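Visitor:
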Amino acid sequence: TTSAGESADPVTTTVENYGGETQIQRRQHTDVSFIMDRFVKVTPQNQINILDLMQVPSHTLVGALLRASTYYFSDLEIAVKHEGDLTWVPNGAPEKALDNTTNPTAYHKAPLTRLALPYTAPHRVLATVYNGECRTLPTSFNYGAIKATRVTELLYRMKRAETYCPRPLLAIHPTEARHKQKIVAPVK
Amino acid sequence: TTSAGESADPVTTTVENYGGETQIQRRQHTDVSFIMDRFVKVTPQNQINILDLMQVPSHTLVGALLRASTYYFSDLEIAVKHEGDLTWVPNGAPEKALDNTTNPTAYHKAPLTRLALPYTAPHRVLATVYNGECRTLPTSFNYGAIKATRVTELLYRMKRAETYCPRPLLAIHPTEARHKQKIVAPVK
Amino acid sequence: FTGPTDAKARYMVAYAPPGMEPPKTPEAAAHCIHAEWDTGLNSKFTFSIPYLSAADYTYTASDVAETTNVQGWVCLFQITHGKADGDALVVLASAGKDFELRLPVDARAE
Amino acid sequence: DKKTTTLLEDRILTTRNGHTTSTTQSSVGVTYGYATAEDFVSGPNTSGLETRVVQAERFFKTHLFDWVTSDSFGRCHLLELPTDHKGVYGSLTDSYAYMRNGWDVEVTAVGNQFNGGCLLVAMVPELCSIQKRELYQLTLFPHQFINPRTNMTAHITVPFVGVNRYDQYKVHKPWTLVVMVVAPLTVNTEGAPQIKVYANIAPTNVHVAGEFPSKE
Amino acid sequence: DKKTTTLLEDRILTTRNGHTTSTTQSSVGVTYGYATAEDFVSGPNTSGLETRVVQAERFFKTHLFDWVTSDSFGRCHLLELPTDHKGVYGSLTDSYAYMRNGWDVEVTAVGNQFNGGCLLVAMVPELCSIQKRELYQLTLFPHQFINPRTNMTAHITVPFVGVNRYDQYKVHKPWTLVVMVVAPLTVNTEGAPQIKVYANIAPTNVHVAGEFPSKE
Amino acid sequence: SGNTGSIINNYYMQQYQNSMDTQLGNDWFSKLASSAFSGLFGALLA
Amino acid sequence: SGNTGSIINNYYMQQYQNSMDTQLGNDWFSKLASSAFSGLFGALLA
Numbered sequence: 001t002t003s004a005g006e007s008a009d010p011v012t013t014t015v016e017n018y019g020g021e022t023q024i025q026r027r028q029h030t031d032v033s034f035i036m037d038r039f040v041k042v043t044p045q046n047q048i049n050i051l052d053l054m055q056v057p058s059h060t061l062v063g064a065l066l067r068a069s070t071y072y073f074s075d076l077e078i079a080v081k082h083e084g085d086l087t088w089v090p091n092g093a094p095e096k097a098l099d100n101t102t103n104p105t106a107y108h109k110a111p112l113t114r115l116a117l118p119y120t121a122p123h124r125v126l127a128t129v130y131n132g133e134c157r158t159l160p161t162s163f164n165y166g167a168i169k170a171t172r173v174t175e176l177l178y179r180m181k182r183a184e185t186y187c188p189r190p191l192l193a194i195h196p197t198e199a200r201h202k203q204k205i206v207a208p209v210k
Numbered sequence: 001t002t003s004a005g006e007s008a009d010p011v012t013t014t015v016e017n018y019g020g021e022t023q024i025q026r027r028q029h030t031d032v033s034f035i036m037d038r039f040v041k042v043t044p045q046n047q048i049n050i051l052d053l054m055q056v057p058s059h060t061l062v063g064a065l066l067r068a069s070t071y072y073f074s075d076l077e078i079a080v081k082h083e084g085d086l087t088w089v090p091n092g093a094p095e096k097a098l099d100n101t102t103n104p105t106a107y108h109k110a111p112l113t114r115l116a117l118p119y120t121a122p123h124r125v126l127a128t129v130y131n132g133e134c157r158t159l160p161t162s163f164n165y166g167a168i169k170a171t172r173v174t175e176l177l178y179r180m181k182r183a184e185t186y187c188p189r190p191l192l193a194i195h196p197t198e199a200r201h202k203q204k205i206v207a208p209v210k
Numbered sequence: 111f112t113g114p115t116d117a118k119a120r121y122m123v124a125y126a127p128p129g130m131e132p133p134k135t136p137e138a139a140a141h142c143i144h145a146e147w148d149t150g151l152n153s154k155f156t157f158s159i160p161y162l163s164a165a166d167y168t169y170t171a172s173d174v175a176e177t178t179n180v181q182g183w184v185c186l187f188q189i190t191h192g193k194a195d196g197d198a199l200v201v202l203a204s205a206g207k208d209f210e211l212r213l214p215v216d217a218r219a220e
Numbered sequence: 001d002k003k004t007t008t009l010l011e012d013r014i015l016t017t018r019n020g021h022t023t024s025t026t027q028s029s030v031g032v033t034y035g036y037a038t039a040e041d042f043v044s045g046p047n048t049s050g051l052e053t054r055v056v057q058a059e060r061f062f063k064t065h066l067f068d069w070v071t072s073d074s075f076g077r078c079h080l081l082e083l084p085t086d087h088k089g090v091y092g093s094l095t096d097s098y099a100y101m102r103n104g105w106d107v108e109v110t111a112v113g114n115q116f117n118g119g120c121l122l123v124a125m126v127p128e129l130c131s132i133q134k135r136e137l138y139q140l141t142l143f144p145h146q147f148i149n150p151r152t153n154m155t156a157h158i159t160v161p162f163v164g165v166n167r168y169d170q171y172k173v174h175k176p177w178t179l180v181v182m183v184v185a186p187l188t189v190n191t192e193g194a195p196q197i198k199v200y201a202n203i204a205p206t207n208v209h210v211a212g213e214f215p216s217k218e
Numbered sequence: 001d002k003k004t007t008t009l010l011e012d013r014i015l016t017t018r019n020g021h022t023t024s025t026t027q028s029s030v031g032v033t034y035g036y037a038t039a040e041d042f043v044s045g046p047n048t049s050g051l052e053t054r055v056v057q058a059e060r061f062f063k064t065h066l067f068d069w070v071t072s073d074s075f076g077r078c079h080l081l082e083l084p085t086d087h088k089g090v091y092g093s094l095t096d097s098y099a100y101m102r103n104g105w106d107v108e109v110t111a112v113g114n115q116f117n118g119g120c121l122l123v124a125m126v127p128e129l130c131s132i133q134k135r136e137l138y139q140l141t142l143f144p145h146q147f148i149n150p151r152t153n154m155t156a157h158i159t160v161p162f163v164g165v166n167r168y169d170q171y172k173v174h175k176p177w178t179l180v181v182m183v184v185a186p187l188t189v190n191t192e193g194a195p196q197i198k199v200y201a202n203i204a205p206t207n208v209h210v211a212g213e214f215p216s217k218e
Numbered sequence: 015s016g017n018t019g020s021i022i023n024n025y026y027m028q029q030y031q032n033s034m035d036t037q038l039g065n066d067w068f069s070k071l072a073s074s075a076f077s078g079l080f081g082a083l084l085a
Numbered sequence: 015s016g017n018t019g020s021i022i023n024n025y026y027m028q029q030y031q032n033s034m035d036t037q038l039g065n066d067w068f069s070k071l072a073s074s075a076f077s078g079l080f081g082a083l084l085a
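Structure representation (structure tokens):
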């Protein structure tokens, strides 16, 4: 169909235009809450680690999709491999609090510690970008912090995720006509 | 009874023809879904292993019965002994994905990892033989792939199996009048 | 279309399925599924590329072994134009009503 | 035009033939020639053995000629139909001895609205050649004009015609598409320098009978 | 045979596919393999763009092999389907990217009733090659026997099968017709000296999708 | 169905335990075996 | 909701398992996609 292209009103033609038939679609895998709900690894600091989803690398599935939203909300689960006991403090806590074990402290139990944590920021939602300094995000954009004698692995998992105002999501720029890769296949 | 042998119409006479009596039969053990539903061992590759049921040896119970069907469908369970963490990627994934742990990754837990996996091929059913190259089966005939630092044992188990279009199923060709073997028996 | 009021043109989009080389001319491409349109008051034309394949799903990634594209080609031709030399035809893409993605995978190394 | 700035309004027409469509924003309507439907397709000459082949009913394309300022009144381009066809419709002519179909014809002459001049497009039955004086009466045949200040597309739809209910296209061509220059092309300062004329044609209600042997 | 002197009674069967018919007076019936009807022909992989082409549903013929007294048990002749076709069905494979159809197959081995021996005719899916021991189980596939004392014609009808709902026949052949010698041909004093084996095959429920460009 | 024998409900939803089948728009060998001729083709004596 | 698939009730109260939402005093993109024009803008022939 033709239309006024200057308008942002979406136009979605279908194959029925030339005699085809539109099929049924099942889009559960592109549901935001479902797709963000899985663990992703970040490289940890030795002891004190601020819980900040922007640490998730931008090329990962979770990191790229998170960056494709401007504002977001979620609760969180973390899985941590650590020596010693692990202490968590909420958003707004003095860093010294990390040495006091009345703050949620999980005693070491092999092979790792998994915890469910609530959102604790003072804002109604957080943002992946913030036009203040025109990089740096306000200090209040975090889910608290953790500390152990040694933290060797740290995974984040967004729960009940909500996203607002989509932003660019980019695939790899290929050099040839098509980006080609080795796909899994039965052997020789 | 006599009949026209040229026709493929089945003829199933019974002992009643000469005064006998047909008995009751209980055929639960030859039910396809039941018989295929058990683990079978395959020899694994050190790290990357494509999940392909054609790797099951043809003389095993599962391997022979699978090959006695042309097309089949099933979900799958695998049991794996591995060092390090085990990652699985679905059918169609670039092989590099096996190094990213947001794809289903089971952290090492002695003595082995057992997982239930869904069928993920793009076809309505898979085939044990495919007359394209007239050996080689299309690359899309697989259940994904797994990878760990070292995979030392791998077992497959077909779930909810369905089979279509039976094919030859052969016993051992004996040299003597009867194939004889040592059967388990109370000792001397 | 973004040319001035006095620039006119007629275009053709065709979908060529795998199995034969893609058409090099509008005449050969006419035998494929296709649409032709011209310029006028409405500056935009939208066309649905149909999903046609042997299997029910196709891969989003492209394998290093597949020399020719397994899902065919999109061919855009200019049938003719009237004083539209140098004018630009801007092109965009969106998901159709039954477009569906399945089987999440995290495949990038960077 | 009877519609409403640039090429518009109820002057936007989309034609669909099979899995092919054609849209124009400067339509002047469709001329139906001689009838608005085919006559009987099943008569005694095919003994109930004819069949319809819907896969052939779709658009195919050809260039006709380039309209230039030096062409004067009466300059014509003739295209006998059926013409060479390398798709499904063409293969039917090598597979069946008898056939019939009508035609859905679109002719375009895209220049701009600053060109002047005028083309007459007509569908004429049984036409091998025509004299100069007869051109003054070409409007007796199904036609439409292409006048740059108004439109760039002509559309004519005609049924199968002939002394016989089915034809042998290898030896007889019932229709000829003719495009004639009525008033010479003018370019002035802002018009397109020349106008290429193209045809977008679809066979309609295609029926065949009398299957041939293969060459094998 | 279950009927009644020479080849007869309810052993007379006439099969019609399109404008082609085949009659045999020594029928032993028809074997339907795997199903008595096709599964769905319109699924999501063709987006409602598939069409049926009834003009291709008719018999075509090929010689298979000559059965001679020196052939022994296990001697086979394999014919992958679709095979080369120089008529309408064959042109469809050059005009559309995707297709599906079943097969109505008649195999004849005309000698006389004084010949002895026996042929097994079977339709086997996805078969490039087979081992000698597997031949003992060829009856697992849709089949019929040709035994000179009883019949000269075998008839098997099968639907389209495959991992995909539509196929790309240039790269995959879903069915293979196999004729195998079960008991060697005997001639004795009055039998025919050898028996030529021929196939009369018709594609059934032919659907196509994805029109190709022409070579033009 | 299959080689499964727990009497209590699976802890995980079906949507997670197995892939889900869909329908568009049937045991051939069972019908074929059931259709077998089991009589006697001519006359029976004694 | 999300990637969760247990059929049995969580052992912990909701008040502990997650933060609790509050209200003061809505899927924009779903409405936007649903509102898309899917017709044909002029006259249709054949």
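Protein chains in written order, with the authors' numbering: chain 1, 1 to 134, 157 to 210; chain 1', 1 to 134, 157 to 210; chain 3, 111 to 220; chain 2, 1 to 4, 7 to 218; chain 2', 1 to 4, 7 to 218; chain 4, 15 to 39, 65 to 85; chain 4', 15 to 39, 65 to 85. A prime marks a further copy of an entry chain. Note that CB positions come from ideal geometry on N, CA and C, so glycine has one too.
Can you pull out the residues from the segment 124–148 of chain 3 whose beta carbon lies closer than 8 Å to at least one beta carbon of chain 2?
Guide: Under the 8 Å Cβ criterion, the segment 124–148 of chain 3 contributes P136, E137, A138, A140, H141, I143, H144, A145, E146, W147, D148.
Visitor: Short check: CB of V56 (chain 1) to CB of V32 (chain 1), under 8 Å?
Guide: Cβ atoms of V56 (chain 1) and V32 (chain 1): not closer than 8 Å.
Visitor: Would you check if the segment 162–173 of chain 1 and the segment 93–101 of chain 1 touch, i.e. whether three or more CB-CB distances between them fall below 8 Å?
Guide: With the cut-off at 8 Å, the segment 93–101 of chain 1 and the segment 162–173 of chain 1 touch.
Visitor: Could you tell me whether the Cβ atoms of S163 (chain 3) and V15 (chain 1) are closer together than 8 Å?
Guide: No; because the gap between Cβ atoms is not below 8 Å, this pair is not in contact.
Visitor: Does the pairing of the segment 123–131 of chain 1' with the segment 195–207 of chain 2' give three or more beta-carbon distances under 8 Å?
Guide: These segments do not touch.
Visitor: What residue range does the beta strand (DSSP E) around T206 (chain 2) cover?
Guide: 197–213 is the span of the beta strand (DSSP E), which, as asked, contains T206 (chain 2).
Visitor: Give me whichever residues DSSP pairs with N19 (chain 2') in a beta bridge.
Guide: According to DSSP, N19 (chain 2') bridges with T22 (chain 2').
Visitor: Cα separation between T7 (chain 2) and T115 (chain 3)?
Guide: Between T7 (chain 2) and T115 (chain 3), the C-alpha separation is close to 9 Å.
Visitor: Indicate the three-state DSSP secondary structure (helix, strand or coil) for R60 (chain 2') in the structure shown.
Guide: Coil at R60 (chain 2'), not helix or strand.
Visitor: Would you say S163 (chain 3) faces chain 1, with C-beta separation under 8 Å as the test?
Guide: Cβ-Cβ to chain 1 under 8 Å: no for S163 (chain 3).
Visitor: Closest to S73 (chain 4') by C-alpha separation, out of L61 (chain 1), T12 (chain 1), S69 (chain 1), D37 (chain 1), would be which residue?
Guide: Of the candidates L61 (chain 1), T12 (chain 1), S69 (chain 1), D37 (chain 1), the one whose C-alpha sits nearest the C-alpha of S73 (chain 4') is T12 (chain 1).
Visitor: Can you give the Cα-Cα distance for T22 (chain 2) and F147 (chain 2), rounded to whole angstroms?
Guide: Cα-Cα distance, rounded: 24 Å.
Visitor: Assign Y18 (chain 1) to one of three DSSP states: helix, strand, or coil.
Guide: In this structure, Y18 (chain 1) counts as helix in the three-state DSSP scheme.
Visitor: Less than 7 Å between C-beta atoms, sequence neighbours within five positions excluded: which residues of the same chain meet that for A194 (chain 3)?
Guide: The answer, listed in chain order, is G113, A117, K118, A119.
Visitor: Taking all protein chains shown into account, do 16 or more other C-beta atoms lie within 10 angstroms of the C-beta of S74 (chain 1'), making it buried, or fewer, making it exposed?
Guide: Buried: at least 16 other Cβ atoms inside 10 Å.
Visitor: Quick check on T190 (chain 3): does DSSP put it in helix, strand or coil?
Guide: Strand, per DSSP.
Visitor: Just reading off the alpha helix (DSSP H) that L65 (chain 1') is part of, what are its end residues?
Guide: It spans 61–67 - the alpha helix (DSSP H) in which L65 (chain 1') sits, taken as one unbroken run.
Visitor: By how many angstroms is the C-alpha of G50 (chain 2) removed from the C-alpha of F214 (chain 2)?
Guide: Cα to Cα, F214 (chain 2) sits roughly 17 Å from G50 (chain 2).
Visitor: Using CA atoms only, rank isn't needed, just tell me which of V109 (chain 2'), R54 (chain 2'), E136 (chain 2') is closest to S24 (chain 2').
Guide: Checked all of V109 (chain 2'), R54 (chain 2'), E136 (chain 2'); the closest Cα to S24 (chain 2') is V109 (chain 2').
Visitor: Within 10 angstroms of its Cβ, does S7 (chain 1') collect 16 or more other Cβ (buried), or is it exposed?
Guide: Result: buried.
Visitor: Might you give, ordered along the chain, the residues of its own chain that have their beta carbon closer than 7 Å to the beta carbon of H87 (chain 2'), omitting 5 neighbours on each side?
Guide: The answer, listed in chain order, is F62.
Visitor: Sort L76 (chain 1), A64 (chain 1), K109 (chain 1) by Cα distance to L86 (chain 1) and report the nearest one.
Guide: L86 (chain 1) has its Cα closest to that of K109 (chain 1), out of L76 (chain 1), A64 (chain 1), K109 (chain 1).
Visitor: Whose C-alpha, out of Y178 (chain 1'), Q23 (chain 1'), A68 (chain 1'), is nearest the C-alpha of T185 (chain 1')?
Guide: Checking every option, the nearest Cα to that of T185 (chain 1') belongs to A68 (chain 1').
Visitor: Within 10 angstroms of the Cβ of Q23 (chain 1), are there 16 or more other Cβ atoms? Answer buried if so, exposed if not.
Guide: Its Cβ being crowded by 16 or more others within 10 Å, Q23 (chain 1) is buried.
Visitor: Given a cut-off of 8 Å, decide if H141 (chain 3) and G20 (chain 2) are closer than it, judged by their beta-carbon atoms.
Guide: No.
Visitor: Kindly list the residues whose CB is nearer than 7 Å to the CB of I194 (chain 1'), restricted to its own chain and excluding five residues on each side of it in sequence; keep chain order.
Guide: The residues are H201.
Visitor: What are the start and end residues of each continuous beta strand (DSSP E) run of 3 or more residues lying completely inside the segment 133–173 of chain 2, in chain order?
Guide: Runs found: 145–148, 155–160.
Visitor: Are there three or more Cβ pairs, one per stretch, closer than 8 Å when the segment 131–150 of chain 2' is compared with the segment 109–120 of chain 2'?
Guide: Yes, they touch.
Visitor: Check this for me: beta carbons of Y138 (chain 2') and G212 (chain 2'), under 8 Å apart or not?
Guide: Taking 8 Å as the Cβ cut-off, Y138 (chain 2') and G212 (chain 2') do not qualify as a contacting pair.
Visitor: So, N23 (chain 4) versus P118 (chain 1'), is the Cβ gap smaller than 8 Å?
Guide: No.
Visitor: So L15 (chain 2) contacts chain 4'; which residues on that side make the cut at Cβ distance below 7 Å?
Guide: Here the neighbours are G81, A82, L84.
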